[PDB]
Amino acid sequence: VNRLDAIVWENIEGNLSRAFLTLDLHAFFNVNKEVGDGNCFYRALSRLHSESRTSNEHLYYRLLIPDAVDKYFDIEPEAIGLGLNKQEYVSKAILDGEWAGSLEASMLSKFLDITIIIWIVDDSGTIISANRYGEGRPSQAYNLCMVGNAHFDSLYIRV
């Protein structure tokens, strides 16, 4: 907590800032493992938005995407970078089990006025970098663990 809030992030593009660092994950966070149902991203947001610590709003968080697209997709560096078609993207993104991550963190951070950090973990479970979407500190952020470049778990910051 104390340490993570002292991190100066490097600004990169849009509301994305970045850090390179090695951390022992268990020393700084507790992890709630999410199920492998395609929804981990939205489960983690649901779980992190509230002290009751449940993932059952995951559908609702997913259903924010069309509206966030209307507001932001035309200007999202990742969408622009990858040359994604808006209509193609919105139709897929609302389906149950469709994966998500960096683009939806960028849109939703803004849409909900929150800060989302995806912490990247190597094969051994050591945090090797992070992407922060927003201007908040980690102690206030929605912290997610990215595993095997294919899944996220929720992080609770430790005390």
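Throughout, we count residues from 1 along the sequence that is shown.
Comparing 150 to 158 with 1 to 9, which stretch shows the greater average C-alpha B-factor in the deposited entry?
The entry gives the higher C-alpha B-factor average to 1 to 9.
Compare the mean C-alpha B-factor of 85 to 93 with that of 71 to 79 as given in the PDB entry, and name the stretch with the higher value.
Looking at the record's C-alpha B-factors, the answer is 85 to 93.
When you compare the CA B-factors of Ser102, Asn39, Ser52, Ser109 as listed in the entry, which one comes out on top?
Comparing C-alpha B-factors across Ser102, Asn39, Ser52, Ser109, the top value belongs to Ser52.
Pick out which of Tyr133, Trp119, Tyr60, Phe28 has the highest C-alpha B-factor in the PDB entry.
The record points to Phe28.
When the modelled residues of the chain are sorted by Cα temperature factor, does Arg43 land in the lowest, middle or highest third?
Bottom third by C-alpha B-factor.
What third of the chain, by the recorded C-alpha B-factor, contains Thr22?
For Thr22, the deposited C-alpha B-factor lands in the middle third.
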